[PDB]
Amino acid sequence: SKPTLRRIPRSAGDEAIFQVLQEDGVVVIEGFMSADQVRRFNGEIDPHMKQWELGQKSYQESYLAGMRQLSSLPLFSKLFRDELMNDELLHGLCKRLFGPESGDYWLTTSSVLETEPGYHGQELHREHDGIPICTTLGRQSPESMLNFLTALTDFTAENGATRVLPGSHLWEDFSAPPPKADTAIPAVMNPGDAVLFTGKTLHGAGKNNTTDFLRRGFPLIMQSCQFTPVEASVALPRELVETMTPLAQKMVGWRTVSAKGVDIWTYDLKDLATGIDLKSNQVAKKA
């Protein structure tokens, strides 16, 4: 069935957005971030960007070679820590996706991904293939990941807009070789618009056919708390973590999370934040 990529404003709310996500596996959120947020986030991000270093021999390297990438963005962005990790729409959607089979959720990875002119694109893939039990289960897998992929520049068919196959989250055989990326639908989007897809939906970065345009995307992937994050929370200094809200702290791997009633990521099997005396919403004063 030759399907369509649907588009829905941020103001429609999480119920309406979640419904298209269930039916299609992917939806465009218009105005996920405002223009002002995109400007400020870009300002914070610019000076830390660089090329992906080859020689890793990993799953990451197979899909991320040729891209400019920065990850562990809690370390580099106040707007990430304070605005995005407390966003009510993000949390409403995560509660609906992950609540039934997993309970709690948290950040697995977030990156800024900039594709240069001539970048050839990715093969279509499902994001849940980073987790081996989900690869084994295929369609029968529980929901494990949710990717909020925000456009930080214009996203066009020509400049490499992320390509998606609506409905692929419901195909019978997830191990079948995926189709060519050019049969998929590019998520044409203005800055601040985000393409939202589960870890079960076939997608990939498009070919950048321009001569002079750097196409900047912002994947932010939330994950079921029972699965180990791609990005380690031990990289964050305690001092920085203590500037965030309790909820943001929990997303970045410094609080206890409940896996269907099972407390995990604990200190002495009890609450983590209590055990280590973790502070929150700290604000350093000019003194």
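We number the residues from 1 along the sequence you see.
Exercise. 141-149 versus 207-215: which one carries the higher mean Cα B factor per the record?
Worked result: It is 207-215 that shows the higher mean C-alpha B-factor.
Problem set entry | Mean C-alpha temperature factor, higher of 274-282 and 14-22 | For C-alpha atoms only, the mean B-factor is higher in 274-282.
Exercise. Based on what the PDB entry reports, which of 230, 28, 257, 241 has the top C-alpha B-factor?
Worked result: Checking the PDB record, the top C-alpha B-factor among 230, 28, 257, 241 is at 241.
For this session: In terms of CA temperature factor as recorded, identify the highest of 124, 194, 185, 79.
Result: Each of 124, 194, 185, 79 was compared by C-alpha B-factor; the highest is 79.
For this session: Consider only the C-alpha atoms of the modelled residues in this chain, order them by B-factor as the entry records it, and name the third containing residue 129: lowest, middle or highest.
Result: Answer is lowest: the recorded C-alpha B-factor places it there.
For this session: Give the position of residue 69 by CA B-factor within its chain, expressed as the lowest, middle or highest third.
Result: For residue 69, the deposited C-alpha B-factor lands in the highest third.
Problem set entry | residue 224 - Cα temperature factor, lowest/middle/highest third of chain | Tercile = lowest for this residue's CA B-factor.
Exercise. Lowest, middle or highest third of the chain for the C-alpha temperature factor of residue 35?
Worked result: It falls in the top third of the chain.
Problem set entry | residue 248 CA temperature factor, ranked by third within the chain | Answer is middle: the recorded C-alpha B-factor places it there.
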